[PDB]
file data15.cif (mmCIF, N, CA and C atoms)
data_target
loop_
_atom_site.group_PDB
_atom_site.id
_atom_site.type_symbol
_atom_site.label_atom_id
_atom_site.label_comp_id
_atom_site.auth_asym_id
_atom_site.auth_seq_id
_atom_site.Cartn_x
_atom_site.Cartn_y
_atom_site.Cartn_z
ATOM 1 N N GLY A 1 15.466 -9.340 8.972
ATOM 2 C CA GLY A 1 14.230 -10.007 9.451
ATOM 3 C C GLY A 1 13.812 -11.135 8.532
ATOM 4 N N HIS A 2 12.589 -11.621 8.701
ATOM 5 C CA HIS A 2 12.080 -12.711 7.875
ATOM 6 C C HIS A 2 11.475 -12.179 6.584
ATOM 7 N N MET A 3 10.820 -11.029 6.675
ATOM 8 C CA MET A 3 10.159 -10.433 5.523
ATOM 9 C C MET A 3 11.154 -9.617 4.697
ATOM 10 N N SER A 4 12.156 -10.300 4.168
ATOM 11 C CA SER A 4 13.134 -9.668 3.303
ATOM 12 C C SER A 4 12.557 -9.536 1.898
ATOM 13 N N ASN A 5 11.745 -8.511 1.697
ATOM 14 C CA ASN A 5 11.004 -8.365 0.458
ATOM 15 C C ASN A 5 10.892 -6.895 0.069
ATOM 16 N N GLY A 6 11.608 -6.510 -0.984
ATOM 17 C CA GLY A 6 11.605 -5.128 -1.443
ATOM 18 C C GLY A 6 10.330 -4.754 -2.179
ATOM 19 N N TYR A 7 9.410 -5.712 -2.265
ATOM 20 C CA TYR A 7 8.085 -5.505 -2.845
ATOM 21 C C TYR A 7 8.149 -5.279 -4.352
ATOM 22 N N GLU A 8 8.432 -6.335 -5.101
ATOM 23 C CA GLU A 8 8.312 -6.287 -6.554
ATOM 24 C C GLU A 8 6.883 -6.658 -6.945
ATOM 25 N N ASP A 9 5.955 -6.236 -6.081
ATOM 26 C CA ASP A 9 4.509 -6.502 -6.191
ATOM 27 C C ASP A 9 4.190 -7.963 -6.513
ATOM 28 N N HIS A 10 5.118 -8.866 -6.171
ATOM 29 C CA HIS A 10 5.007 -10.292 -6.517
ATOM 30 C C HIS A 10 4.687 -10.430 -8.000
ATOM 31 N N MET A 11 5.349 -9.578 -8.775
ATOM 32 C CA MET A 11 5.294 -9.588 -10.229
ATOM 33 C C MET A 11 5.841 -10.900 -10.770
ATOM 34 N N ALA A 12 6.758 -11.491 -10.017
ATOM 35 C CA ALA A 12 7.331 -12.779 -10.371
ATOM 36 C C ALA A 12 6.389 -13.911 -9.975
ATOM 37 N N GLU A 13 5.123 -13.550 -9.749
ATOM 38 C CA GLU A 13 4.063 -14.498 -9.418
ATOM 39 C C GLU A 13 4.271 -15.002 -8.010
ATOM 40 N N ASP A 14 3.752 -16.191 -7.725
ATOM 41 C CA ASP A 14 3.993 -16.842 -6.448
ATOM 42 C C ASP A 14 3.341 -16.042 -5.324
ATOM 43 N N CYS A 15 3.660 -16.392 -4.084
ATOM 44 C CA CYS A 15 3.144 -15.694 -2.918
ATOM 45 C C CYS A 15 1.619 -15.753 -2.841
ATOM 46 N N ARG A 16 1.077 -15.181 -1.780
ATOM 47 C CA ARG A 16 -0.358 -15.097 -1.615
ATOM 48 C C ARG A 16 -0.875 -13.819 -2.249
ATOM 49 N N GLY A 17 -0.946 -13.816 -3.569
ATOM 50 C CA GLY A 17 -1.404 -12.643 -4.278
ATOM 51 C C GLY A 17 -2.231 -12.999 -5.496
ATOM 52 N N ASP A 18 -2.924 -14.123 -5.426
ATOM 53 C CA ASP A 18 -3.756 -14.581 -6.535
ATOM 54 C C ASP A 18 -5.020 -15.229 -5.996
ATOM 55 N N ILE A 19 -5.396 -14.810 -4.802
ATOM 56 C CA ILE A 19 -6.572 -15.333 -4.129
ATOM 57 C C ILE A 19 -7.738 -14.374 -4.307
ATOM 58 N N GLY A 20 -7.620 -13.253 -3.626
ATOM 59 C CA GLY A 20 -8.553 -12.154 -3.750
ATOM 60 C C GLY A 20 -7.944 -10.930 -3.127
ATOM 61 N N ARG A 21 -6.706 -10.672 -3.526
ATOM 62 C CA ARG A 21 -5.890 -9.630 -2.918
ATOM 63 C C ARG A 21 -6.401 -8.226 -3.222
ATOM 64 N N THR A 22 -7.298 -7.756 -2.380
ATOM 65 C CA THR A 22 -7.790 -6.397 -2.464
ATOM 66 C C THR A 22 -7.018 -5.520 -1.486
ATOM 67 N N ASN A 23 -6.424 -6.179 -0.497
ATOM 68 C CA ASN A 23 -5.616 -5.519 0.520
ATOM 69 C C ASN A 23 -4.311 -5.042 -0.090
ATOM 70 N N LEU A 24 -4.061 -3.754 -0.031
ATOM 71 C CA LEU A 24 -2.876 -3.200 -0.644
ATOM 72 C C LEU A 24 -1.955 -2.600 0.400
ATOM 73 N N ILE A 25 -0.798 -3.210 0.558
ATOM 74 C CA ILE A 25 0.225 -2.673 1.418
ATOM 75 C C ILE A 25 0.945 -1.564 0.675
ATOM 76 N N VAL A 26 1.032 -0.414 1.289
ATOM 77 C CA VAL A 26 1.716 0.692 0.674
ATOM 78 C C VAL A 26 2.870 1.108 1.541
ATOM 79 N N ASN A 27 4.048 0.771 1.093
ATOM 80 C CA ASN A 27 5.243 1.042 1.846
ATOM 81 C C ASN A 27 5.829 2.352 1.383
ATOM 82 N N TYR A 28 6.861 2.787 2.076
ATOM 83 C CA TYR A 28 7.568 4.015 1.742
ATOM 84 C C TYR A 28 6.623 5.216 1.747
ATOM 85 N N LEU A 29 5.606 5.158 2.601
ATOM 86 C CA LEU A 29 4.690 6.279 2.773
ATOM 87 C C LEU A 29 5.423 7.434 3.413
ATOM 88 N N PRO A 30 5.121 8.670 2.987
ATOM 89 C CA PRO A 30 5.775 9.848 3.526
ATOM 90 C C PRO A 30 5.695 9.862 5.048
ATOM 91 N N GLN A 31 6.779 10.262 5.687
ATOM 92 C CA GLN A 31 6.928 10.107 7.128
ATOM 93 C C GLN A 31 5.982 11.016 7.915
ATOM 94 N N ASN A 32 5.362 11.968 7.232
ATOM 95 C CA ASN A 32 4.428 12.877 7.876
ATOM 96 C C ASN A 32 3.032 12.788 7.251
ATOM 97 N N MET A 33 2.807 11.793 6.395
ATOM 98 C CA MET A 33 1.515 11.655 5.727
ATOM 99 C C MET A 33 0.472 11.050 6.666
ATOM 100 N N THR A 34 -0.788 11.054 6.237
ATOM 101 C CA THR A 34 -1.884 10.562 7.067
ATOM 102 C C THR A 34 -2.595 9.386 6.414
ATOM 103 N N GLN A 35 -3.447 8.704 7.181
ATOM 104 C CA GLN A 35 -4.339 7.698 6.615
ATOM 105 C C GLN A 35 -5.152 8.313 5.505
ATOM 106 N N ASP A 36 -5.737 9.464 5.799
ATOM 107 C CA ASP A 36 -6.636 10.142 4.872
ATOM 108 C C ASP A 36 -5.936 10.462 3.556
ATOM 109 N N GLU A 37 -4.654 10.794 3.631
ATOM 110 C CA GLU A 37 -3.862 11.050 2.437
ATOM 111 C C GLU A 37 -3.602 9.748 1.693
ATOM 112 N N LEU A 38 -3.132 8.754 2.437
ATOM 113 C CA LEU A 38 -2.901 7.414 1.917
ATOM 114 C C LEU A 38 -4.202 6.859 1.319
ATOM 115 N N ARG A 39 -5.298 7.182 1.972
ATOM 116 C CA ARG A 39 -6.615 6.716 1.587
ATOM 117 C C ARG A 39 -7.120 7.476 0.354
ATOM 118 N N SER A 40 -6.930 8.795 0.330
ATOM 119 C CA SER A 40 -7.460 9.626 -0.751
ATOM 120 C C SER A 40 -6.706 9.376 -2.055
ATOM 121 N N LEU A 41 -5.398 9.215 -1.951
ATOM 122 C CA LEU A 41 -4.556 8.948 -3.102
ATOM 123 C C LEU A 41 -4.931 7.621 -3.736
ATOM 124 N N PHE A 42 -5.294 6.652 -2.929
ATOM 125 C CA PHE A 42 -5.750 5.384 -3.460
ATOM 126 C C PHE A 42 -7.211 5.464 -3.868
ATOM 127 N N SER A 43 -7.927 6.415 -3.293
ATOM 128 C CA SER A 43 -9.289 6.691 -3.712
ATOM 129 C C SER A 43 -9.269 7.338 -5.098
ATOM 130 N N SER A 44 -8.085 7.780 -5.524
ATOM 131 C CA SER A 44 -7.915 8.331 -6.856
ATOM 132 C C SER A 44 -8.036 7.208 -7.881
ATOM 133 N N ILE A 45 -7.478 6.053 -7.527
ATOM 134 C CA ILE A 45 -7.611 4.848 -8.340
ATOM 135 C C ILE A 45 -9.065 4.400 -8.416
ATOM 136 N N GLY A 46 -9.735 4.394 -7.277
ATOM 137 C CA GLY A 46 -11.088 3.886 -7.226
ATOM 138 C C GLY A 46 -11.620 3.814 -5.818
ATOM 139 N N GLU A 47 -12.441 2.813 -5.547
ATOM 140 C CA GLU A 47 -13.076 2.696 -4.248
ATOM 141 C C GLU A 47 -12.211 1.961 -3.251
ATOM 142 N N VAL A 48 -11.867 2.684 -2.212
ATOM 143 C CA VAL A 48 -11.069 2.153 -1.127
ATOM 144 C C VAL A 48 -11.956 1.720 0.003
ATOM 145 N N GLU A 49 -11.904 0.432 0.235
ATOM 146 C CA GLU A 49 -12.675 -0.203 1.251
ATOM 147 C C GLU A 49 -12.266 0.325 2.622
ATOM 148 N N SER A 50 -10.969 0.269 2.900
ATOM 149 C CA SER A 50 -10.431 0.776 4.156
ATOM 150 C C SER A 50 -8.924 0.980 4.042
ATOM 151 N N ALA A 51 -8.442 2.153 4.427
ATOM 152 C CA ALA A 51 -7.021 2.450 4.324
ATOM 153 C C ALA A 51 -6.436 2.841 5.670
ATOM 154 N N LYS A 52 -5.342 2.192 6.041
ATOM 155 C CA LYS A 52 -4.668 2.491 7.292
ATOM 156 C C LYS A 52 -3.292 3.077 7.048
ATOM 157 N N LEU A 53 -2.850 3.869 8.002
ATOM 158 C CA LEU A 53 -1.508 4.404 8.008
ATOM 159 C C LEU A 53 -0.823 3.945 9.273
ATOM 160 N N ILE A 54 0.362 3.402 9.136
ATOM 161 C CA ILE A 54 1.034 2.824 10.276
ATOM 162 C C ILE A 54 2.014 3.812 10.870
ATOM 163 N N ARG A 55 1.819 4.111 12.136
ATOM 164 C CA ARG A 55 2.696 5.008 12.858
ATOM 165 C C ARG A 55 2.999 4.422 14.210
ATOM 166 N N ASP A 56 3.907 5.046 14.936
ATOM 167 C CA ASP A 56 4.056 4.714 16.340
ATOM 168 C C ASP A 56 2.798 5.195 17.069
ATOM 169 N N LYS A 57 2.648 4.899 18.346
ATOM 170 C CA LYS A 57 1.488 5.381 19.071
ATOM 171 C C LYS A 57 1.485 6.905 19.122
ATOM 172 N N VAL A 58 2.680 7.492 19.162
ATOM 173 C CA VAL A 58 2.825 8.924 19.352
ATOM 174 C C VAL A 58 4.031 9.476 18.590
ATOM 175 N N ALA A 59 5.211 9.040 19.005
ATOM 176 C CA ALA A 59 6.466 9.664 18.609
ATOM 177 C C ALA A 59 6.902 9.287 17.214
ATOM 178 N N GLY A 60 6.863 8.003 16.987
ATOM 179 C CA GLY A 60 7.410 7.392 15.786
ATOM 180 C C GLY A 60 6.846 7.904 14.489
ATOM 181 N N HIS A 61 5.736 8.643 14.556
ATOM 182 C CA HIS A 61 4.994 9.099 13.366
ATOM 183 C C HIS A 61 4.812 7.983 12.349
ATOM 184 N N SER A 62 4.443 8.338 11.122
ATOM 185 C CA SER A 62 4.325 7.355 10.057
ATOM 186 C C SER A 62 5.583 6.505 9.987
ATOM 187 N N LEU A 63 5.419 5.214 10.207
ATOM 188 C CA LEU A 63 6.543 4.301 10.233
ATOM 189 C C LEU A 63 6.948 3.917 8.817
ATOM 190 N N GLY A 64 6.329 4.577 7.849
ATOM 191 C CA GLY A 64 6.744 4.448 6.475
ATOM 192 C C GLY A 64 5.972 3.406 5.703
ATOM 193 N N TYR A 65 4.765 3.088 6.147
ATOM 194 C CA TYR A 65 3.927 2.144 5.416
ATOM 195 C C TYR A 65 2.489 2.159 5.923
ATOM 196 N N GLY A 66 1.607 1.552 5.143
ATOM 197 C CA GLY A 66 0.198 1.499 5.471
ATOM 198 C C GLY A 66 -0.508 0.422 4.674
ATOM 199 N N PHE A 67 -1.811 0.281 4.873
ATOM 200 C CA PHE A 67 -2.568 -0.781 4.214
ATOM 201 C C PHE A 67 -3.914 -0.263 3.729
ATOM 202 N N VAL A 68 -4.074 -0.150 2.425
ATOM 203 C CA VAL A 68 -5.337 0.262 1.855
ATOM 204 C C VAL A 68 -6.011 -0.898 1.135
ATOM 205 N N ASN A 69 -7.063 -1.389 1.754
ATOM 206 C CA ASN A 69 -7.890 -2.425 1.180
ATOM 207 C C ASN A 69 -8.816 -1.813 0.154
ATOM 208 N N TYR A 70 -8.779 -2.316 -1.058
ATOM 209 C CA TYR A 70 -9.706 -1.882 -2.076
ATOM 210 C C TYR A 70 -10.952 -2.748 -2.059
ATOM 211 N N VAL A 71 -11.973 -2.295 -2.767
ATOM 212 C CA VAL A 71 -13.198 -3.063 -2.924
ATOM 213 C C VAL A 71 -13.043 -4.044 -4.079
ATOM 214 N N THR A 72 -11.904 -3.938 -4.742
ATOM 215 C CA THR A 72 -11.572 -4.755 -5.892
ATOM 216 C C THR A 72 -10.120 -5.192 -5.823
ATOM 217 N N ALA A 73 -9.829 -6.359 -6.366
ATOM 218 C CA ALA A 73 -8.451 -6.752 -6.587
ATOM 219 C C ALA A 73 -8.001 -6.149 -7.909
ATOM 220 N N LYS A 74 -8.999 -5.712 -8.668
ATOM 221 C CA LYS A 74 -8.806 -5.025 -9.934
ATOM 222 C C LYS A 74 -8.173 -3.647 -9.724
ATOM 223 N N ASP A 75 -8.778 -2.830 -8.868
ATOM 224 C CA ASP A 75 -8.242 -1.498 -8.579
ATOM 225 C C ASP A 75 -7.014 -1.598 -7.682
ATOM 226 N N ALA A 76 -6.842 -2.747 -7.042
ATOM 227 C CA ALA A 76 -5.637 -3.016 -6.266
ATOM 228 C C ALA A 76 -4.432 -3.074 -7.194
ATOM 229 N N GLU A 77 -4.519 -3.927 -8.205
ATOM 230 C CA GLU A 77 -3.520 -3.983 -9.266
ATOM 231 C C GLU A 77 -3.399 -2.620 -9.938
ATOM 232 N N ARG A 78 -4.538 -1.948 -10.080
ATOM 233 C CA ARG A 78 -4.612 -0.661 -10.741
ATOM 234 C C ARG A 78 -3.769 0.351 -9.980
ATOM 235 N N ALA A 79 -3.822 0.265 -8.657
ATOM 236 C CA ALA A 79 -3.035 1.137 -7.808
ATOM 237 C C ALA A 79 -1.559 0.782 -7.892
ATOM 238 N N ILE A 80 -1.255 -0.487 -8.099
ATOM 239 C CA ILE A 80 0.134 -0.907 -8.198
ATOM 240 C C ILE A 80 0.814 -0.402 -9.461
ATOM 241 N N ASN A 81 0.111 -0.375 -10.565
ATOM 242 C CA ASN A 81 0.739 0.090 -11.784
ATOM 243 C C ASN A 81 0.696 1.601 -11.876
ATOM 244 N N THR A 82 -0.328 2.181 -11.290
ATOM 245 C CA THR A 82 -0.520 3.610 -11.345
ATOM 246 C C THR A 82 0.124 4.339 -10.154
ATOM 247 N N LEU A 83 -0.295 3.982 -8.944
ATOM 248 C CA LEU A 83 0.082 4.716 -7.737
ATOM 249 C C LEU A 83 1.418 4.270 -7.155
ATOM 250 N N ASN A 84 1.828 3.047 -7.430
ATOM 251 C CA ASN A 84 3.102 2.561 -6.922
ATOM 252 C C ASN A 84 4.256 3.326 -7.562
ATOM 253 N N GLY A 85 4.943 4.102 -6.734
ATOM 254 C CA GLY A 85 5.952 5.026 -7.213
ATOM 255 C C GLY A 85 5.383 6.419 -7.393
ATOM 256 N N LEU A 86 4.354 6.736 -6.615
ATOM 257 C CA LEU A 86 3.699 8.035 -6.694
ATOM 258 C C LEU A 86 4.414 9.029 -5.799
ATOM 259 N N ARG A 87 4.530 10.261 -6.268
ATOM 260 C CA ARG A 87 5.096 11.320 -5.458
ATOM 261 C C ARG A 87 4.045 11.874 -4.505
ATOM 262 N N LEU A 88 3.957 11.252 -3.345
ATOM 263 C CA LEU A 88 3.076 11.693 -2.287
ATOM 264 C C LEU A 88 3.821 12.622 -1.354
ATOM 265 N N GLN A 89 3.478 13.900 -1.398
ATOM 266 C CA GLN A 89 4.122 14.904 -0.560
ATOM 267 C C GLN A 89 5.631 14.912 -0.791
ATOM 268 N N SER A 90 6.006 14.665 -2.045
ATOM 269 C CA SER A 90 7.401 14.668 -2.508
ATOM 270 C C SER A 90 8.085 13.331 -2.212
ATOM 271 N N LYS A 91 7.356 12.454 -1.551
ATOM 272 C CA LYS A 91 7.836 11.114 -1.223
ATOM 273 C C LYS A 91 7.395 10.123 -2.284
ATOM 274 N N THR A 92 8.164 9.070 -2.461
ATOM 275 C CA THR A 92 7.783 8.020 -3.394
ATOM 276 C C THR A 92 7.399 6.764 -2.631
ATOM 277 N N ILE A 93 6.184 6.315 -2.864
ATOM 278 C CA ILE A 93 5.606 5.200 -2.142
ATOM 279 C C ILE A 93 5.631 3.930 -2.984
ATOM 280 N N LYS A 94 5.393 2.780 -2.365
ATOM 281 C CA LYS A 94 5.336 1.530 -3.110
ATOM 282 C C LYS A 94 4.145 0.701 -2.667
ATOM 283 N N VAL A 95 3.191 0.546 -3.566
ATOM 284 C CA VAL A 95 1.971 -0.183 -3.273
ATOM 285 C C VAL A 95 2.046 -1.595 -3.867
ATOM 286 N N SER A 96 1.497 -2.553 -3.141
ATOM 287 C CA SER A 96 1.477 -3.955 -3.536
ATOM 288 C C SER A 96 0.403 -4.665 -2.726
ATOM 289 N N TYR A 97 -0.026 -5.841 -3.154
ATOM 290 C CA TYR A 97 -0.985 -6.616 -2.367
ATOM 291 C C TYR A 97 -0.345 -7.006 -1.050
ATOM 292 N N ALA A 98 -0.931 -6.548 0.046
ATOM 293 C CA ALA A 98 -0.429 -6.882 1.364
ATOM 294 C C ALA A 98 -0.708 -8.346 1.640
ATOM 295 N N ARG A 99 0.353 -9.142 1.605
ATOM 296 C CA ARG A 99 0.259 -10.597 1.608
ATOM 297 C C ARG A 99 -0.669 -11.107 2.712
ATOM 298 N N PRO A 100 -1.860 -11.607 2.335
ATOM 299 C CA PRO A 100 -2.821 -12.160 3.272
ATOM 300 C C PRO A 100 -2.583 -13.641 3.536
ATOM 301 N N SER A 101 -2.185 -13.947 4.766
ATOM 302 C CA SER A 101 -1.960 -15.294 5.226
ATOM 303 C C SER A 101 -1.273 -15.254 6.585
#
call {"tool": "encode", "arguments": {"input": "data15.cif", "output": "structure tokens"}}
result
Amino acid sequence: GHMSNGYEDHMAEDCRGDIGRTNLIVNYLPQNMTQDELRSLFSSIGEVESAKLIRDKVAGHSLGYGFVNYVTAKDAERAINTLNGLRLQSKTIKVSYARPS
């Protein structure tokens, strides 16, 4: 596809991640996890503005990613260094600023 990005959290700078990136894309979410789980785990970092879990309408279940907007770009980064690579339900997830643009 076009979004050929393994999510190095745009550590190499660049990209749309220096504006006000509070939106955190969390990929590799456990295939049976929930928004509330995705949301609570990031609520561990701090205040989560809004957290979504991406699934099919029915069958597809968790499609393996979600988006947790923080109230801060501070706790967003905080989630990337802390929560990115977290064992959620034995699964390892990857959090990064969900590229806004």
call {"tool": "closest_atom_pairs", "arguments": {"input": "data15.cif", "of": "region 60-84 of chain A", "to": "region 6-9 of chain A", "cutoff": "10 Å", "atoms": "only C-alpha atoms", "output": "CSV"}}
result
residue,atom,partner,partner_atom,distance
A:77,CA,A:9,CA,9.0
A:80,CA,A:9,CA,7.4
A:81,CA,A:9,CA,9.4
A:84,CA,A:9,CA,9.2
call {"tool": "atom_distance", "arguments": {"input": "data15.cif", "atom1": "CA of residue 33 (chain A)", "atom2": "CA of residue 62 (chain A)"}}
result
6.7 Å
call {"tool": "atom_distance", "arguments": {"input": "data15.cif", "atom1": "atom C of residue 16 (chain A)", "atom2": "atom N of residue 56 (chain A)"}}
result
26.0 Å
call {"tool": "closest_residue", "arguments": {"input": "data15.cif", "among": "A:44, A:73, A:52, A:59", "to": "residue 19 (chain A)", "atoms": "only N, CA and C atoms"}}
result
A:73
call {"tool": "closest_residue", "arguments": {"input": "data15.cif", "among": "A:45, A:26, A:38, A:58", "to": "residue 98 (chain A)", "atoms": "only C-alpha atoms"}}
result
A:26
